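Structure record follows, encoded as structure tokens.
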Amino acid sequence: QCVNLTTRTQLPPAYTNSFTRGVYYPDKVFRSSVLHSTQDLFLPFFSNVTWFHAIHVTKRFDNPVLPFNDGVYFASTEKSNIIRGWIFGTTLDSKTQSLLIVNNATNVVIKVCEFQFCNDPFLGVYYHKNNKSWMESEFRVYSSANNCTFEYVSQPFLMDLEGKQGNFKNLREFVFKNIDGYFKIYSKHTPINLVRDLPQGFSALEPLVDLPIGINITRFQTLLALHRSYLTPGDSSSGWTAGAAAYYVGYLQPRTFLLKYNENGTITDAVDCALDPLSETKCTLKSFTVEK
Amino acid sequence: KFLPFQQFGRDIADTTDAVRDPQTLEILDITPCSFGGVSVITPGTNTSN
Ligand SMILES: *[C@@H]1O[C@H](CO)[C@@H](O)[C@H](O)[C@H]1NC(C)=O
């Protein structure tokens, strides 16, 4: 049924502050060159988040799960598509449904079914020497799935997959929300190539798809395409082969914020309504500039 | 410039100043008409009407 392949070695988590990222249009309504005050689950300008580095060949194997807790602000800078998708469910079994999203060069598939989850799920990709290409043939992640509910397939939305050698020169920022039985989805793409981790720029996220799914969710996890390694019987290696990747996660919170537009109509600046006394004042009076 | 992921538009006062058709995407602004109040400039009644 399932095979337990766990490593006794463990590593403590690592934290990282959110420089300025996290802002969007709280409602699909449009405005321009005016300042408004709203109230929705946003990302405080100066908030602390956590990083995740799962790269095992020094060597380290750590692919844990992250509880949902009323919305998630996701991101990453993958290049070889190490992260394929994720699943949901409180019990991680066939008793509950799940959402599966796989994107490739052919189409994008978003399957919502009750897939069986193994102890240590992980994707597997082989390499055909005759074809001189890498594909997938091992799909033992889920024992079986039944009670199909939703299934969406379409062309790759925003996946370029053009550059044959991209060394961390892209940034992906989305946001997943669940309220009133609706598991809303967003999509935002700002290309970046800097030696540092986070930039000093500004932008906002946009909705991607509205998939109404009603089910209690408090813990989700992703999957990784462990590539196949050709090893002779006399090698007796660790048996684990994977690439390099590290995704970025955040957190949502309800609070009042003030977003500022421009002549074009795109947000350019904003100030938190409860960050510090100075910002409180900018919300209170009308705007950003305050005289003595 | 309307980003093609918003739905409505409201400048201020809950004024839904963005009306768009499902087939075609167009932005618009709504404001109350010019309108005017009136006042009568009357000399003495006994003088003239
Ligand atoms: C208005 O004109 C009438 C004439 O019929 C006169 O009796 C009256 O005193 C006048 N009133 C004033 C305020 O001039």
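Just so it is clear, none of the values below were taken in a lab; they were calculated from the coordinates. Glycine also receives a Cβ, built like all others from the backbone with ideal geometry; neighbour counts cover every protein chain displayed.
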> For A:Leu252, A:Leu278, what's the fewest-to-most ordering of other Cβ within 10 Å of each Cβ?
Replying inline: A:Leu278, A:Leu252
> For chain A, what is the charge dipole size about the Cα centre, in debye to the nearest 20, if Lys and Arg each add +1 at the Cβ and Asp and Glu each add -1 at the Cβ?
Replying inline: 540
> Given H placed on each backbone N at 1.01 Å, which residues far from A:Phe150 in sequence or on other chains put an amide H within less than 5 Å of it?
Replying inline: A:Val112
>> With the cut-off at 1.5 for a/c, could you classify segment A:53-173 from its C-alpha gyration tensor as rounded, prolate or oblate?
In response: rounded
> Which of A:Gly265, A:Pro277, A:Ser237 sits farthest toward the positive end of the charge dipole of segment A:226-292, with +1 on the Cβ of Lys and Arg and -1 on the Cβ of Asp and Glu?
Replying inline: A:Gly265
> In sequence order, what are the phi-derived ³J(HN,Hα) couplings for segment B:33-49 according to the Karplus relation 6.51 cos²θ - 1.76 cosθ + 1.60 with θ = phi - 60°, rounded to whole Hz, with x for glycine and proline?
Replying inline: 5, 4, 6, x, x, 10, 8, 9, 9, 10, x, x, 3, 4, 7, 7, 8
> In whole Hz, what ³J(HN,Hα) sequence does segment A:275-288 give by Karplus (6.51, -1.76, 1.60; θ = phi - 60°), x for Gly and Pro?
Replying inline: 6, 9, x, 5, 5, 3, 5, 4, 4, 5, 7, 8, 8, 8
> About the Cα centre of chain B, what is the dipole size in debye to 20, counting +1 per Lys and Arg Cβ and -1 per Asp and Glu Cβ, all else neutral?
Replying inline: 80
>> Taking beta carbons within 10 Å but only from partner chains, what does the mean come to for residues A:150-158?
In response: 0
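In whole percent, what relative contact order does segment A:85-191 give with Cα contacts below 8 Å and a gap of six or more residues?
That works out to 21 percent.
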> For segment A:130-284, what relative contact order do you get, as a whole percent, if you take Cα pairs closer than 8 Å and at least 6 residues apart?
Replying inline: 13
>> Can you show me the helix-derived [θ] at 222 nm for chain A, built from DSSP H runs with n ≥ 4 at -39,500 (n - 2.57) apiece and divided by the number of residues, rounded to the nearest 500.
In response: -500 deg cm²/dmol
> What is the Cα centroid distance between segment A:19-53 and segment A:253-292, reported in whole angstrom?
Replying inline: 11
> Taking H as built 1.01 Å from N, whose amide H comes closer than 5 Å to the amide H of A:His36, not counting residues under 5 places away?
Replying inline: A:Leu259
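Any of A:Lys79/A:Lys169; A:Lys79/A:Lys188; A:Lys164/A:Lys188; A:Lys79/A:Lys129 with alpha carbons more than 19 Å apart? Name them for me.
The answer is A:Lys164/A:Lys188; A:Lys79/A:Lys129.
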>> If the reach is capped at under 19 angstrom between alpha carbons, list the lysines near A:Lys95, excluding any in the same chain fewer than eight residues apart.
In response: A:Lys111
> Which whole-number percent gives the relative contact order of chain B, counting Cα pairs below 8 Å spaced six or more residues apart?
Replying inline: 20
> What list of ³J(HN,Hα) values in whole Hz, one per residue of segment A:102-108 in order, does the Karplus curve 6.51 cos²θ - 1.76 cosθ + 1.60 (θ = phi - 60°) give from phi, with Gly and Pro shown as x?
Replying inline: 10, 10, 9, 6, 8, 8, 10
> Long-range amide H contacts for A:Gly243: which residues qualify at under 5 Å (H placed 1.01 Å from N, peptide plane, sequence gap of 5 or more or a different chain)?
Replying inline: A:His227
